[PDB]
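Listed here are the chains, written in short residue letters.
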Amino acid sequence: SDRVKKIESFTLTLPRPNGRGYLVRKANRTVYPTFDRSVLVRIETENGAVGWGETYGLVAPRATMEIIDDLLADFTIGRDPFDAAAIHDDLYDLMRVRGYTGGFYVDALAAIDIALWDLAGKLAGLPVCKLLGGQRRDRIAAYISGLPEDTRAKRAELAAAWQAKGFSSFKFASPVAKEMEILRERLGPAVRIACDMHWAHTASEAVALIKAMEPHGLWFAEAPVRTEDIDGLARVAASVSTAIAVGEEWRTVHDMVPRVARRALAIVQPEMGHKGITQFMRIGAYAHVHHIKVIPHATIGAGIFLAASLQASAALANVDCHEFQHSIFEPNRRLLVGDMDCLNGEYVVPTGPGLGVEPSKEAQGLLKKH
Amino acid sequence: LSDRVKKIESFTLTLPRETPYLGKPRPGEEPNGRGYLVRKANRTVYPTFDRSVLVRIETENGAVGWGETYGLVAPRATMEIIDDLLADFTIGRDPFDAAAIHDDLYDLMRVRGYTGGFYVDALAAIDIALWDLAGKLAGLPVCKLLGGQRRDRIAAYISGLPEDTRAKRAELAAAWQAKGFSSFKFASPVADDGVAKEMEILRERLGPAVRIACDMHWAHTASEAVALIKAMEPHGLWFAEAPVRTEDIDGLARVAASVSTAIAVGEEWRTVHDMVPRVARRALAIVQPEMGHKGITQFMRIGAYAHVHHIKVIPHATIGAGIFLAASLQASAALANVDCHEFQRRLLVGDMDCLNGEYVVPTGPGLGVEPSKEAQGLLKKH
Amino acid sequence: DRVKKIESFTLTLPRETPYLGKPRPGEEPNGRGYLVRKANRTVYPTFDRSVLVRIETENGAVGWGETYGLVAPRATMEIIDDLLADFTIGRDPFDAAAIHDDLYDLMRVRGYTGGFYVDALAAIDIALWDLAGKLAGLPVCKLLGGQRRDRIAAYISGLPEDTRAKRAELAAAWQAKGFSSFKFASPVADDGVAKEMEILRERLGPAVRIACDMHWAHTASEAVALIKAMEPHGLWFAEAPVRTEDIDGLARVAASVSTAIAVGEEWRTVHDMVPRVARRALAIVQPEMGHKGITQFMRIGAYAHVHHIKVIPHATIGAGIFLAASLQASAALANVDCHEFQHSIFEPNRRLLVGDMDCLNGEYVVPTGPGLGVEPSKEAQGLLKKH
Amino acid sequence: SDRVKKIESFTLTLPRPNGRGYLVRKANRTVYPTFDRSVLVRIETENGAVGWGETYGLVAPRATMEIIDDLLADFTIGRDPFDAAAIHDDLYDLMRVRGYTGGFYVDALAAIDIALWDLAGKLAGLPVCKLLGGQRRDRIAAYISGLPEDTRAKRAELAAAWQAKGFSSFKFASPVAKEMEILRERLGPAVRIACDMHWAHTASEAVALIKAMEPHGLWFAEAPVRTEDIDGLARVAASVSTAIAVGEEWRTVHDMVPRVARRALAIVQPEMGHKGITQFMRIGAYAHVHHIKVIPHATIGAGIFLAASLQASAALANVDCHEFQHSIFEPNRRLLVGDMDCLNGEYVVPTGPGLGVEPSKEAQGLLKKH
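Residues numbered from 1 in each chain as written, not as in the entry; some residues may be left out. Chains lettered and ligands numbered in written order. Part of a larger assembly, values for the part shown. Heavy atoms only, no water. Residues with missing side-chain atoms left out of burial classes, pairs and counts.

### Overview of the side chain of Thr69(B)
All names here are of chain B. Cut-off, in case you're wondering: In DSSP terms, a helix is any run of H or I states spanning at least four residues, a strand is any run of E spanning at least two, and both are numbered starting from the N terminus. Any N or O atom pair separated by 3.5 Å or less is treated as a polar contact, with the protein-specific requirement of one donor-capable and one acceptor-capable atom, and with residues adjacent in sequence counted only for side-chain atom pairs. Residues are treated as being in contact if the distance between any of their heavy atoms lies within 4.5 Å.
In this structure, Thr69 sits in strand β5 (residues 64-70). Within the structure, the side chain of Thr69 is placed 3.2 Å from the backbone oxygen of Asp121, a separation counted as a polar contact. In this view, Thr69 contacts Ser52, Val53, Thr78, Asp121, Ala125, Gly292 and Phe324; residues no more than four positions away in its chain are not counted.

Here is the structure:
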């Protein structure tokens, strides 16, 4: 029965618009870094076992690390990794009554949670999914996310290149019915194609856009309206055949309850980097009870939370497919040791104990301690 | 090694005669030729001796897991479901896949409407042994596999209050209060002078400290249940258990919306699917899962659904060998929102106990309990 | 004049081709002859089997009942022999429905209100009703309110052939035999249900009715897409489009398509029905007599009447006894539009039965009483294995 | 037309249980500092006008300051203070789609917002409330919040001492029907008394507790159940006469919409330190349309956001009363210059332009820059 001894948080800052390297895209008005960055967490136990965790580090990563280093670490040191979920709950209860129930606070918890589960797995010599109810899958279907090219012609080509590599599921970021046609045209009628609509529409607009895409067989519509527009979302889902998909920006199972109450989604798209295993599973288990499909999100990252996501996805009954960030996943290979792969439209669930991946010895060299 | 399930066996085990929940059986309630009798108070069938079904699962290496479900009525049926169907689908699988195994076993028969009753009784016994195994294989208590150990003690409350008069029922209650109990539940069928007089004599006898709940035992319309609840509230009512019939979901929702008291249901359910419609109608404040009907997987799912919807968990308890009791305590030690646990020894080894109004969670790997060598000799094989 | 003796039996007949078609690669039977079908994760036997109950009164009248026995039939018989029999002996068959309730009340508070337990009730119930008809010299439908009908429209269910075109041809054969309503199972639609409707509509013409049984394993979104893909071809009804437990999903599917939504075969009591009609979730109920028994079957029919819902009874694997109950009860119900007809089961099973039940020219001929009007033949009784 | 030139954030750490000075109270399981700390913001314009802002700094204050210094400052420099509300919106839109819609993120925005409004006022030579639609009040009723004494007898005395000072409205923190009786007993039947129930109850428990207090004339019940238990809240409000009060832990008007939809509150209790003027007003304006009373929260602070709160409260039609943190407000006097006072059960709305208060020259000496 080994216990948490030490907790360090880091950034990893890889290169790929204002002074500090921040730009703001103008169809969601959202800020972006012009480089890749995530926050990593290393947790060592008394007997020298090491767990790794990760969360977003795109903007103000020193905030998240502070929360970890100023508050969370002290209430986590001395605890048992096998109480990972109970620990996540106590740490959540620390700040919930002051409205710290999402954003950077839950990010900080995600990173910690993931490493406790990593550590749990290594310590029991099992991959996490075998601590999460069982392994249901060795592989998980993957879909191609975002064609980041200058014109639609140049984007269809890129689609068809990934089709030529054994991928038969695709998402394009709308920010509209033409883009859909050429993608159906170039890719044939067996491939499934989803549209990410990036939040910036009223229910009315989203419905007209969705209805103009349905004649080409729209797989799902993601984020048709703003997060807070629960009414618009429900109105959108009751007005179209097409499955509506949301969840990437949530933090806990509580975020989901209102949306299933209003029967406003067919698909949850949880993002592990934002949630951590405990909450991820809680979202997947809720969706299970309510016959909602799970299609986890993927994003810029070192690949730790990603690995954490595949382990959980392997445990969840309702996981149909998983997002594949090619432009992220490809260059970020060198930074990891382990059997995590994606090829021929399928992620390979890692097998080693824990997450089954670790940052390489050289990736650890690139870390900047907080 | 990757130790897989090699063998599954089913047994019945006859249990020591207790004082039954409702007495003290009246005349005109004699067992028929086959051993079964019917209570007038609930038109419900009861065996002459209490009895449960036990399942023993051995892995390839020789690791042993125990599970247990109800064996009160037609236990051969439940055992046939295991021996004929489920066994051959469990063999070869990994105990660490117990919850996925359960989903697959459930999926075999669900479209034909075998979604509760005897079928889940059968899955529950299997599920519990599988989790026992996972525990032992990993050398960890079950709660350490379910998210962590939140407590090592679970508050208990007294359920058995069977005597002739109110005076004797009160005396009995007080006898348990001196043994360390501060929570009680009485059954309204036993309340011969009305539920109100039952409450009055208990409140004064036990003081304003103790909390006192009522198992209303299903046989009421909503309207009747509300009237009886309101007539109890004055005397400080903890909760009202099973105020209406199970199928009566509107009735339940209506009772819940008409009284301040906490409405508690859950013991006769089988899976988390049974809970959804009740909370969608805001019709309960307390779930009372019964481990012997549900198994660790479903019980945890009911527990986690209750967490999301701010419902308290107060597990049911029934006569048994102690295997599903141990499972229930392991699961209760993991659940955030388990308030307390129902309570109503010579058969198991392990450090499970109930004293001073508290359950003691067993410490070993797995469930923390095993049948003794002697008890193993009492098992009648199917 | 009271019930004196109650015996339970299995009847096991071997199959040339396992139900619903030949297994796909990873669908081989196990040690005991149990395969698992991937499309619906459901377990099937390779042989046909069912449980039959024979009930005898003090004066020597005999009633027959029958329930499912596909899987673990000794469980159902155990319930009947260990518990139910001794609470049924001594009662009057004319109290069939009251008896059904008495026996149901025996176990309800422990949650045994479905599955195998009601299976056991269903079989006793049918034999009880059978007795009542025999004792009174009446067909069962003349104790259930009246005979409204002596023919019932039948529809061809299941088309066991390897290719789309071979299945269409099978349809066409039964069309020539006088049937004009059809249902195909989606676990069989290799090229996808859309192409299946296309060809069936092509092969059979514009006038014929064609439904799709979707076998549960779908989310609402999924089911809506599939239905809408089939609708240009003229869809009669969608059966089991989502999970039984998925009441919200069913409601949303019902609301999202003009196509009639059909459910009911896996329920056990009228109680299962309430939530689904409350949510406006079905146009059609499909009770399966072998799971429900006459009493419950009529409660469900009466509810559909009250709530303006069509009744199209389910038909399945079995000797014909509980199917004969199905025809009797359908005969007494206002809302019965039609009744499923498993040709591939009914035809080879004729040998097992006496009586004048028939199904020909797109019509079930309702047996002319007394009781069920059908019974196991002397040869079928020789094959019965007692529990 | 002067514009934002420079933005600095600070902590102020006053003295009044683990190593770093954090304890966790066990009826809400919440973490607390054993000292008073808030985060202050100073914003100077091109022509040297100074605005002051403040937000929570109780836990991990360097996180909040980071968010301000790493992201917010750059998108705020060069803007016009008179666009304060529009600026708050653009800054909110920067991070909303990643789930940064509450907690530390909105705190950081509150602090900035408040100073933009301060600056707006000074720059127009008007107190803020005269930029917010008009002044409706010179004074705002105040109620005594929390009797922090060892026994109920010792707490009733303290109540009656504040009654002897012209205060006729009181709140006690439950963490129960006896405490209510002695407070009614000692204080007489004219005084109004509310109970803060600190979130940790199910609907069932909250109703029984409220019903046991109503026989002594309960003014309101605050936070009867957890924030996420919107159902429990609605059930509680439909089961008791007593007005139910919530809102202190919210962040934007969006938090409130679900609760008014379910008709789950009679009173909003916005906390300015958490929200900032823009959102505060939005909450007060929503409540206005829906006939909900506004009773703003008060808390440990230097008194900047407090002053900001009184300015907004002066502008809102539905402000019945305001919370008075005596144990905080009293010692924190020395740190401010301006005409902000509370006496005889009434706050005095400040009159100078802007917030009408500023940290003293010596308080500025105690600031630690980030």
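### Concerning the domain arrangement of chain B
Residues and elements named next belong to chain B. Keep this limit in mind: Domain extents, as shown, originate in an automatic or database domain assignment. What makes a salt bridge here is a side-chain nitrogen of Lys or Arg within 4 Å of a carboxyl oxygen of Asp or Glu, nothing more.
Annotation of chain B at the domain level lists domain 1 (1-148 + 363-382) and domain 2 (149-362). If you look at the interface, domain 1 gives 50 residues, while domain 2 gives 49 residues. Counting every contact that joins domain 1 to domain 2 gives 2 salt bridges. Across the pair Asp121 and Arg270 runs a salt bridge whose closest N-O atoms are separated by 3.3 Å.

### Some points on the UniProt feature "binding site: Mg(2+)" (unreviewed entry) in chain C
Residues and elements named next belong to chain C. As a reminder, the rule being used: UniProt positions are given in the numbering used here, feature names are shortened, and annotations may be inferred rather than shown by experiment.
Under the UniProt annotation, the feature "binding site: Mg(2+)" (unreviewed entry) is placed at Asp213, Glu239 and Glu265. A stretch of 53 residues holds the annotated residues, and the largest C-alpha distance among them is 11.5 Å, short enough that they meet in one place. Tracing the sequence through the fold places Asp213 in strand β8 (residues 209-213). The contact partners of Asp213, leaving out residues within four places of it in the chain, are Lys183, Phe184, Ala185, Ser186, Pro187, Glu239, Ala240 and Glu265. Residue placement: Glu239 occurs in strand β9 (residues 237-239). Contact partners of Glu239, with chain neighbours within four places excluded, come to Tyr155, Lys183, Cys212, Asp213, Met214, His215, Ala262, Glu265, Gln286 and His314. Reaching out from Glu239, the side chain makes a polar contact with the side chain of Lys183 at a distance of 2.8 Å.

### Re the pairing of strand β4 (residues 36-45) of chain A
Residues and elements named next belong to chain A. The criterion, for reference: Each residue gets one of three labels from its accessible area relative to the maximum for its type: buried under 20%, exposed over 50%, partly exposed in between, using a 1.4 Å probe on protein chains only. Here, a strand pair is defined by DSSP locating no fewer than two bridges between the strands.
Of all 10 residues in β4, 10 are buried; the element is thus mostly enclosed. Going residue by residue along β4, you find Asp36, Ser38, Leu40, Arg42 and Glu44 tucked away on one face and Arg37, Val39, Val41, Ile43 and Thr45 tucked away on the opposite face as well. Here 10 bridges tie strand β1 (residues 4-14) to β4, and the two strands are oriented antiparallel to one another. Pairing of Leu14 across the sheet is with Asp36, part of β4. The pairing of β4 with strand β5 (residues 50-56) spans 7 bridges and is classified as antiparallel. Following the sheet pairing, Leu40 is matched in β5 by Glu54. Between β4 and β5, which pair antiparallel one after the other, the connecting turn spans 4 residues, and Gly48 there sits at a positive phi close to 80°.

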